[PDB]
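A.B. asks: Can you keep this structure in mind? I'll have questions shortly.
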Amino acid sequence: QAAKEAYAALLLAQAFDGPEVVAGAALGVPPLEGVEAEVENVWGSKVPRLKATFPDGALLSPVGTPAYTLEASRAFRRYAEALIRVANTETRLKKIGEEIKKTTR
Amino acid sequence: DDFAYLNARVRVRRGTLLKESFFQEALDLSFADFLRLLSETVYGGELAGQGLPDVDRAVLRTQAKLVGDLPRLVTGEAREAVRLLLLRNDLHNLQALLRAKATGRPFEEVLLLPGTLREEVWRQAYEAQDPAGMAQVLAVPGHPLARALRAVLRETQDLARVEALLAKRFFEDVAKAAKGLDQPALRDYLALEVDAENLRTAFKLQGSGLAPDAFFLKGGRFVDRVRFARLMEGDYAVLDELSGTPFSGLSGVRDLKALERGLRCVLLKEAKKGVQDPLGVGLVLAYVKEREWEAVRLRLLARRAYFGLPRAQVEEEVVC
Amino acid sequence: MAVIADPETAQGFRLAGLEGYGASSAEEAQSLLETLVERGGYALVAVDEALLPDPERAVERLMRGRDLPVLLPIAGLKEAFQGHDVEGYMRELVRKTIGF
């Protein structure tokens, strides 16, 4: 909710301050393995995991909208961080799938 | 020259400014009822679609014909005085334009409205293929923001740096010209704009380990290098010693959002009591802050209504 | 990356530090979703709960296995939403683990 807080409040004050916000901030996460993939052998077959941490900056874009710009930049963290939880459980889901099915089998 | 006709043209326009009691009504409305309300106003008069892209566009186009047409209607000594105000809205277009040429991205997704540089100046600049040529095309309307650009472009071709040194050099340029065009009303305001900029430069770059003297430029009222250095360490005890200025209200506040909210409300206030000085640039000064702030609240009230956000999240930011 | 979300909320994930290629183009964003994960030249692909694909089999059969995840739940809008706690808990219990 605190990610979106600023996002949704920077849409009709953005679409011409889109340019500004993306400039001061740390440039895009790599599309080829921007995330940190980890391999791990465990029962319930060899399932790979991963954690979503990458650079994106925070409270450091110069110029632009007084409050919103900086608050939107900071918000990128609340994607990253938050995403790690789902990053481990949805991969854990696929592991515990294997077990459950072989068990009842 | 002269503001005699021009002030008069603006006085009729101050009649169709949006009073406080509109935003009061609008919060109580859903998006469907908001849309019926909005259409009564002059921003409503440029409307072209119920959805969000269309609200952003109706607002912008209202600002393009009623506010961005002011520098053409005067010349000379009048025009330089009005121009400095307009220039901030032109810098926003310039920084985005400079960035579309440099990083190779399309013309689109930028701010365009007339002000001091016309639409065609931004198109001819875009299509220019040498940064130096890009710069002469910009220098055609004449303004201090060229002269500011020109010096920075001689030192560097790095995007982030041009952006910062242009802004710093530009407010410094503005200040000297403005002091030489006189009037007490403009001087008091100018001081606040620089003081607000100083505070704000310090906040945006907070904790980057940098020099605090780089965030202080002349034009001040009560702020200095030491307050900046403490502020940079993360200490907000400096704002709690800041009174005798209308930023007395920043005391005991330590959130970036409340702090920055505070500066925009203070600047609004100075300008709104410049109507006890309507002679010369005073009235226009008050007129531009109010059209800008009004436009901003209709965009926030429209966003708040569409996505069903919490009321208090926006009720506080739509009043000073 | 890409986040696959509503047009307006997709907007805020295209900002620098993050890389999004969202927007709705269907009710489960099939139009986009499929084409995009087919290459798997994005570090992460994520599908929200304002769309979420009712046939997950459709995707798996096209991407043909993936060592990177897909369809991570993000809310996809803000309206004070936090029903994505208990919803995800039951999403789990229905297809795997114990019943009710």
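Residue numbers start at 1 in each chain; chains themselves are named A, B, ... in the order of the structure tokens; ligands are numbered from 1 in the order shown.
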I want to know what sits within 10 Å of stretch 95-103 of chain A, based on only C-alpha atoms, with residues of the same chain fewer than 4 positions away left out; could you give that as a ChimeraX atom specification?
C.D. replies: /A:42-48,89-91 /C:95-98
A.B. asks: Mind listing as a PyMOL selection string which residues of chain B are within 6 Å of chain A, counting only C-alpha atoms?
C.D. replies: chain B and resi 56+109-111+204-205+257+260
A.B. asks: Where does DSSP see strand (DSSP E or B) in chain C, if you list the residues as a PyMOL selection string?
C.D. replies: chain C and resi 2-4+45-47
A.B. asks: Selection from above, N, CA, C and O atoms, as a PDB file, in the first residue's frame, can you write it?
C.D. replies:
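Output file selection_15.pdb is given in full below:
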ATOM      1  N   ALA C   2       9.434  -7.630 -16.095  1.00  0.00           N
ATOM      2  CA  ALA C   2       8.157  -7.109 -16.541  1.00  0.00           C
ATOM      3  C   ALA C   2       7.261  -7.433 -15.428  1.00  0.00           C
ATOM      4  O   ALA C   2       7.316  -8.472 -14.850  1.00  0.00           O
ATOM      5  N   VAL C   3       6.272  -6.555 -15.134  1.00  0.00           N
ATOM      6  CA  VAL C   3       5.162  -6.671 -14.223  1.00  0.00           C
ATOM      7  C   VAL C   3       4.053  -6.531 -15.188  1.00  0.00           C
ATOM      8  O   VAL C   3       4.011  -5.628 -16.069  1.00  0.00           O
ATOM      9  N   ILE C   4       3.020  -7.365 -15.022  1.00  0.00           N
ATOM     10  CA  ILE C   4       1.915  -7.409 -15.892  1.00  0.00           C
ATOM     11  C   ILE C   4       0.655  -6.973 -15.081  1.00  0.00           C
ATOM     12  O   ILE C   4       0.279  -7.648 -14.141  1.00  0.00           O
ATOM     13  N   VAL C  45       9.088 -12.417 -14.308  1.00  0.00           N
ATOM     14  CA  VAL C  45       7.837 -12.083 -14.960  1.00  0.00           C
ATOM     15  C   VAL C  45       6.866 -12.222 -13.863  1.00  0.00           C
ATOM     16  O   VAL C  45       7.121 -13.045 -13.030  1.00  0.00           O
ATOM     17  N   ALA C  46       5.873 -11.333 -13.751  1.00  0.00           N
ATOM     18  CA  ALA C  46       4.975 -11.283 -12.584  1.00  0.00           C
ATOM     19  C   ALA C  46       3.614 -10.892 -13.146  1.00  0.00           C
ATOM     20  O   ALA C  46       3.386 -10.132 -14.063  1.00  0.00           O
ATOM     21  N   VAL C  47       2.583 -11.528 -12.612  1.00  0.00           N
ATOM     22  CA  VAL C  47       1.247 -11.371 -13.055  1.00  0.00           C
ATOM     23  C   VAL C  47       0.555 -11.134 -11.713  1.00  0.00           C
ATOM     24  O   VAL C  47       0.770 -11.884 -10.772  1.00  0.00           O
TER      25      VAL C  47
END
A.B. asks: Write out as an mmCIF file with C-alpha atoms, in the first residue's frame each polymer residue whose atoms come within 9 Å of residue B:244, counting only C-alpha atoms; drop sequence neighbours fewer than 3 positions from it.
C.D. replies:
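Result written to selection-v1.cif:
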data_model
loop_
_atom_site.group_PDB
_atom_site.id
_atom_site.type_symbol
_atom_site.label_atom_id
_atom_site.label_comp_id
_atom_site.auth_asym_id
_atom_site.auth_seq_id
_atom_site.Cartn_x
_atom_site.Cartn_y
_atom_site.Cartn_z
ATOM 1 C CA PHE B 222 17.778 33.404 7.191
ATOM 2 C CA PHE B 247 8.761 28.454 7.405
ATOM 3 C CA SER B 248 8.043 28.764 11.238
#
A.B. asks: Write out as a PyMOL selection string all residues of stretch 174-211 of chain B that backbone DSSP assigns to alpha helix (DSSP H).
C.D. replies: chain B and resi 174-179+184-204
A.B. asks: Find the residues in chain C near chain B: any atom within 12 Å counts, using only C-alpha atoms. Write them as a VMD selection string.
C.D. replies: chain C and resid 6 to 9 76 to 81
A.B. asks: Those same residues - C-alpha atoms - I'd like them written as a tab-separated table (two decimals), in the first residue's frame.
C.D. replies:
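Here's the written file part_23.tsv:
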chain	number	residue	atom	x	y	z
C	6	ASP	CA	-3.61	-2.71	-14.93
C	7	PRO	CA	-2.75	0.10	-17.43
C	8	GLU	CA	-2.61	2.90	-14.81
C	9	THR	CA	-0.75	0.79	-12.12
C	76	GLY	CA	-2.73	-4.73	-8.87
C	77	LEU	CA	-4.61	-1.74	-7.47
C	78	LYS	CA	-4.97	0.25	-4.13
C	79	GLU	CA	-8.34	0.78	-2.42
C	80	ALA	CA	-6.92	-0.23	1.01
C	81	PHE	CA	-6.71	-3.82	-0.17
A.B. asks: Give the residues of chain A that lie within 6 Å of chain C; count only C-alpha atoms, and format the answer as a PyMOL selection string.
C.D. replies: chain A and resi 7+22+26-29+31-34+56
A.B. asks: As a PyMOL selection string, please: the residues near stretch 88-99 of chain B (cut-off 10 Å, only C-alpha atoms, same-chain neighbours under 4 positions excluded).
C.D. replies: (chain A and resi 16-20+23+63-64) or (chain B and resi 68+83-84+103-118+122-123+125-126+131+134-135+138+145+149+159-160+162-164+166-167+170-171+174)
A.B. asks: With only C-alpha atoms as the atoms that count, which of B:189, B:5, B:22, B:293 lies nearest to residue B:271?
C.D. replies: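 Using only C-alpha atoms, the shortest distance to residue B:271 belongs to B:189.
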A.B. asks: In Å, with one decimal, what is the gap from atom CA of residue B:59 to atom CA of residue B:300?
C.D. replies: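 Atom CA of residue B:300 lies 11.8 Å from atom CA of residue B:59.
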A.B. asks: Report as a list in words all protein, DNA and RNA residues lying within 12 Å of residue B:263, evaluated on only C-alpha atoms, omitting residues in the same chain fewer than 5 positions from it.
C.D. replies: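 What passes the distance filter is residues 66 and 67 of chain A; 192, 193, 194, 195, 196, 197, 198, 199, 200, 203, 245, 246, 247, 248, 249, 250, 256, 257, 258, 268, 269, 270 and 320 of chain B.
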A.B. asks: Tell me, as a compact mmCIF listing (two decimals) with N, CA and C atoms, in the first residue's frame, which residues lie within 9 Å of residue A:77, counting only C-alpha atoms; anything in the same chain fewer than 2 positions away does not count.
C.D. replies:
# COMPACT_ATOMS: atom_id res chain seq x y z
N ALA A 3 3.87 1.63 -1.36
CA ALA A 3 4.46 1.73 -2.69
C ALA A 3 3.60 2.51 -3.54
N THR A 53 16.43 -8.52 -4.94
CA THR A 53 17.18 -7.36 -4.37
C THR A 53 18.04 -6.89 -5.54
N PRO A 55 19.53 -2.80 -7.28
CA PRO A 55 19.66 -1.38 -6.96
C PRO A 55 18.57 -0.68 -7.68
N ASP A 56 18.11 0.49 -7.09
CA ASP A 56 16.98 1.17 -7.65
C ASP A 56 16.94 2.56 -7.04
N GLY A 57 17.81 2.73 -6.02
CA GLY A 57 18.01 3.94 -5.30
C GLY A 57 16.91 4.25 -4.45
N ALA A 58 17.07 5.43 -3.71
CA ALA A 58 16.05 5.91 -2.82
C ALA A 58 16.45 7.26 -2.32
N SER A 73 10.52 7.40 -5.89
CA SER A 73 11.84 6.70 -6.01
C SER A 73 12.18 5.69 -4.96
N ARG A 74 11.79 6.13 -3.73
CA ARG A 74 11.82 5.40 -2.45
C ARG A 74 10.94 4.23 -2.50
N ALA A 75 9.78 4.30 -3.10
CA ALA A 75 8.80 3.26 -3.32
C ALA A 75 9.29 2.06 -4.08
N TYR A 79 8.79 -2.66 -3.55
CA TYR A 79 8.52 -3.64 -4.59
C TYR A 79 9.48 -4.70 -4.29
N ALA A 80 10.73 -4.31 -4.51
CA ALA A 80 11.89 -5.20 -4.26
C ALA A 80 11.86 -6.08 -3.07
N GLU A 81 12.06 -5.52 -1.82
CA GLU A 81 11.87 -6.10 -0.55
C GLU A 81 10.66 -6.99 -0.40
N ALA A 82 9.44 -6.47 -0.68
CA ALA A 82 8.16 -7.18 -0.59
C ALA A 82 8.13 -8.45 -1.41
A.B. asks: Could you name the residues that touch residue C:55 at 12 Å or less, counting only C-alpha atoms, but leaving out those on the same chain fewer than 2 positions away, as a PyMOL selection string?
C.D. replies: chain C and resi 28-30+51-53+57-61+71
A.B. asks: Go through B:279, B:301, B:251, B:63 and flag the residue nearest residue B:183, using only C-alpha atoms for the distances.
C.D. replies: B:279
A.B. asks: Could you check which of B:175, B:78, B:273, B:201 is closest to residue B:214, using only C-alpha atoms?
C.D. replies: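 For residue B:214, the nearest of the candidates is B:201.
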